[PDB]
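**Student:**
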Amino acid sequence: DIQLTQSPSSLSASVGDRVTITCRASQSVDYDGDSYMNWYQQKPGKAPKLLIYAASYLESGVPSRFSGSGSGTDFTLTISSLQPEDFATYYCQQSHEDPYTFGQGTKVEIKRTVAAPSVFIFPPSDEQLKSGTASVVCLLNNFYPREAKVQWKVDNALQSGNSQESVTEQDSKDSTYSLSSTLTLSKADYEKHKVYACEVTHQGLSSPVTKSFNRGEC
Amino acid sequence: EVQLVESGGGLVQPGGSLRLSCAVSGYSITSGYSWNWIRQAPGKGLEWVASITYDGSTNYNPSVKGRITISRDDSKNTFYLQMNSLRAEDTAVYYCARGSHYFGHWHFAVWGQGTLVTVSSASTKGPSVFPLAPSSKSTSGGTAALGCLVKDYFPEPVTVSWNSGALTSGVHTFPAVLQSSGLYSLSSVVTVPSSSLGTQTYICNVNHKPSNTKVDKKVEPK
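The listed protein sequences derive, respectively, from chains A and B. So the first sequence is numbered by my numbering: it starts at 255 and just counts up by one. So the second sequence is numbered by my numbering: it starts at 4 and just counts up by one.
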């Protein structure tokens, strides 16, 4: 079949900057003057969206900052000026021969200004406790860049191995990330201590921020 | 406008078979140049698997061909994907899509929303939904955070919405994590004015279709 390769696989760029993505096809997709390469945009949780078809024609309804060029085996998608809404994975697709094939995808992220996270901590609910398990949750909200560090402490003992964390995709509203960390303990273990703390490290923090609660008192 | 709505997704046993449907509205299925199934697995990118043309001609990707059938039912304005002898490799989100009458046809302007197919021996399991309670009190009577914890379900996906879709701003719904139990766990949070905690009702909407579980959980200050 025809294999398509995009480059880069990943990029990050300042708002407003010109962004170009390349697609190379293993064989020519040209047919009688036309070049059958297509581009899609796929945002988190949504279907891919057709931007460009036949290599250069802008699909109805798509903003004019998107343009396509190329011919034969080499094609380029250009965003003249990257807007916050344009966070997505971009795919090329050849329509010259079946099986119709897609590139491996290019992730485009917006590089915004540094923003510190807002930090929140949540005790487990009483409702959950009766099931025999306790989940403690730490929220890091609306920050940039994506790199952040969460440390769990239980009566000042550093917790390792009993947490998992998750990060949202970049929010197009403001180009920030949010992060969730969950500490899981048995009910018996949870009831054996008093002080639960979440210590957060991040570039926009001049020193680490800590949010905590007492399981007893409040 | 033209809309494609998928059904048939969910959990499937290894060796078992799947039947997906794509219901079309605002458009006659007979007017499409072609209708297509396209799937998307992690690290697999997007893969076209089948097409049916306006005259009834079918075509398949050899990477799955022989154990795959595309068909249509003109009178229900619906078309179908049938696959059997399913493997783990076949776990993916499946999209239906419409081809074009122009410019070589085989680009896809109109897509359904996608439905997830999970191939596993495990059984379905509905989630527990727990409150992430707010503040105790606000900091500086400022912005407060609240949420819902959706724990111990299988397979994916769950959807979460707040106040029946009337609250979208400031909402974050995290990707699920797979726990070592083999069950998924997810939290959803929203940030709101703390002066509203006493006057505004906040309800998270949790739906796990594979287990037929819907829950509405009010979250408020403890």
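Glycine included, C-beta positions come from ideal geometry on N, C-alpha and C.
1) Per DSSP, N208/B forms a beta bridge with which residues?
2) On the CB-based measure, 16 or more other CB atoms within 10 Å of its CB, does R75/B come out buried or exposed?
3) Counting along the chain, where does the alpha helix (DSSP H) carrying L383/A start and finish?
4) Rounded to the nearest angstrom, what separates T387/A and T438/A at their Cα positions?
5) Do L459/A and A342/A come within 8 Å of each other at the CB atom, strictly closer than that value?
6) Which residue marks the beginning of the alpha helix (DSSP H) containing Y444/A, and which one marks its end?
7) Quick one: is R272/A buried, meaning 16 or more other Cβ sit within 10 Å of its Cβ, or exposed?
8) Do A451/A and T464/A have their CB atoms nearer than 8 Å?
9) What residue from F329/A, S289/A, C277/A, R469/A has the CA that sits closest to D409/A's CA?
10) Does the beta carbon of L393/A come closer than 8 Å to any beta carbon on chain B?
11) Which whole-angstrom value is the C-beta distance of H456/A and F397/A, which I expect to be below 8 Å?
12) So, at 8 Å on beta carbons, what are the nonlocal neighbours of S60/B in its own chain, with the 5 sequence-adjacent residues on each side left out?
13) Does any C-beta atom of chain A lie closer than 8 Å to the C-beta of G201/B?
14) Indicate whether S197/B and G129/B have their beta-carbon atoms separated by less than 8 Å.
15) Do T332/A and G324/A have their C-beta atoms within less than 8 Å of each other?
16) At least one CB of chain A closer than 8 Å to the CB of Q116/B: is that the case?
17) Considering only DSSP beta bridges, list what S325/A is partnered with.
18) Taking 8 Å as the threshold (beta carbon to beta carbon), is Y354/A in contact with chain B?
19) Kindly indicate the opening and closing residues of the beta strand (DSSP E) around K403/A.
20) Give me the subset of the segment 385-415 of chain A whose CB atoms are less than 9 Å from a CB atom of chain B, sorted by chain position.
21) Got a sec: does the ligand COA put a non-hydrogen atom nearer than 7 Å to the Cβ of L393/A?
22) Verify whether the separation of the beta carbon atoms of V192/B and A148/B is less than 8 Å.
23) Let me know if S34/B comes out buried or exposed under the rule of 16 or more other beta-carbons within 10 Å of its beta-carbon.
24) Name the chain B residues whose beta carbon is nearer than 7 Å to that of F374/A?
25) Can you give me, in chain order, the residues of the segment 309-322 of chain A that have a beta carbon less than 9 Å from any beta carbon in chain C?
26) Going by the CB atoms, is the gap between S54/B and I71/B shorter than 8 Å?
27) In its own chain, which residues sit with a C-beta less than 6 Å from the C-beta of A100/B, not counting the 5 before and 5 after it?
28) Considering just the uninterrupted stretch of the beta strand (DSSP E) at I375/A, what are its terminal residues?
29) Any beta carbon of chain B sitting closer than 8 Å to that of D288/A?
30) Below 8 Å between beta carbons is the criterion; list the residues of the segment 109-143 of chain B that meet it against any residue of chain A, in chain order.
31) I need the boundaries of the beta strand (DSSP E) containing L305/A, first residue and last residue.
32) Could you name the residues of the same chain whose beta carbon sits closer than 6 Å to that of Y63/B, not counting the 5 residues immediately before and after it, in chain order?
33) Using the rule of at least 16 other Cβ atoms within 10 Å of the residue's Cβ for burial, across every protein chain shown, is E159/B buried or exposed?
34) Can you round the beta-carbon distance between residue 474/A and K154/B to whole angstroms, since I take them to be within the 8 Å contact cut?
35) Run through chain A and tell me which residues come within less than 8 Å of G48/B, C-beta to C-beta.
36) Should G185/B be flagged as near chain A, meaning a C-beta pair shorter than 8 Å?
**Tutor:** So, from the data block:
1) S164/B, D219/B
2) buried
3) 380-383
4) 8 Å
5) no
6) 441-445
7) exposed
8) yes
9) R469/A
10) yes
11) 6 Å
12) none
13) no
14) no
15) no
16) yes
17) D328/A
18) yes
19) 403-408
20) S385, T387, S389, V391, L393, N395, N396
21) You won't find the ligand COA in this model; it holds no ligand whatsoever.
22) yes
23) exposed
24) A148
25) Within the model displayed, chain C is absent; protein chains A and B are what it includes.
26) no
27) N39, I41, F111, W114
28) 372-376
29) yes
30) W109, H110, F111, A112, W114, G115, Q116, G117, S131, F133, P134, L135, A136, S139
31) 303-307
32) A53, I71
33) buried
34) For residue 474/A there is no data in the structure shown, the boundaries of chain A being 255 and 472.
35) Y345, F356, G357, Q358, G359
36) no
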